[PDB]
């Protein structure tokens, strides 16, 4: 089997991407944030504290003839950005782009933090990291991909995120029309539960490539590119007037600037992030200070190849017995 679904930016800055997901019988379609940095499929629901729901579409398990309470199971998750959610668990039928999993754990939120409430466009998350990170207790549950894997034509999914435009998540096949040149595959460590890999270096604009190992994670659920302070300083030094602002929370730059590109290495291959992808617009409405899309990972504890990086590539998440990651230009 295969599946193919369009993923759409939630706003004009590509702050996140949403993908429609069918849950239950008859189908209830919710727009979920596909997150290769976590491993829970959770949704706003009829059980979510009413004051914490503001415009989201909810899953109502009592209206699904295939929903079953997973007795005694609870979940609770906290994300890198400080947001969180928790609740109980149902199993139900879940379909993405024509690919159907029966008995998928659907984690129903009883509580969500303010950032989730305040984002009316995201109805929940669909985790695509390794199932070892799943938070369901006392019986850990499998991701949608893990459940689908054996049925797929090939044990892979691909992320093809757009810049200020829709893109695609495919399951079970590689669309050879969706990228240019070849896909370069690179080793993955699953030791931390992530799609963790090692970039071979970087360049800023038209500058020379610096060969240096950068361990980090391919994370579709993180907006920005978080890299070591040395790398980030080298990038922003090429933008007149750019500075790190403790008050704002990262590097900012004059909105009048033209940003240089940023290249990262994948083995001997190179992925080029155009300068415009690194512009996250005014820090507040009407400001001429703009927020940067490349930020320091110092004190995160891990480097994160988030959407800024991934949307410059066609990315293969290869879930073979020994997983790997593939990157192509597009």
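Couple of notes before you dig in:
- Among residues of segment 265-290, those that are touching a strand residue (DSSP E or B) at 6+ places or on another chain (Cβ under 9 Å), on the phi > 0 side of the Ramachandran plot and not in a strand (DSSP E or B), counted: 1
- Note on segment 16-42: residues that are part of a loop (DSSP other than H, G, I, E, B), buried (at least 17 other Cβ atoms within 10 Å of the Cβ) and either outside the structural domain of residue 149 (by CATH) or at negative phi (or both) total 6.
- Residue count for segment 208-225, restricted to those that are in contact (Cβ under 8 Å) with a residue 40 or more places away in the chain and part of a loop (DSSP other than H, G, I, E, B): 7
- Screening 268, 233, 240 for residues that are closer than 16 Å to residue 313 by Cβ and more than 24 Å from the chain's Cα centre (by Cα) leaves exactly one candidate, 268.
- Conditions (1) in contact with a strand residue (DSSP E or B) (Cβ under 8 Å, 6 or more places away or on another chain); (2) over 18 Å from residue 313 (Cβ atoms); (3) touching a residue at least 24 places away in the same chain (Cβ under 8 Å): number failed by residue 262: (2)
- From the options 108, 45, residue that is outside the structural domain of residue 322 (by CATH), over 30 Å from residue 302 (Cα atoms) and surrounded by 18 or more Cβ atoms within 10 Å (Cβ to Cβ): 45
- Test for residue 102: is it surrounded by fewer than 24 Cβ atoms within 10 Å (Cβ to Cβ) and closer than 13 Å to residue 43 by Cα: no
- Within segment 71-87, the set of residues being without any contact (Cβ under 8 Å) to a residue 40 or more places away in the chain and under 15 Å from residue 139 (Cα atoms) comprises 71 only.
Quick reminder, even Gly has a Cβ in these numbers, built from the backbone with ideal geometry, and neighbours come from all protein chains shown. Numbers and lists here come from the model and the stated rules, or from a named source; these are not laboratory values.
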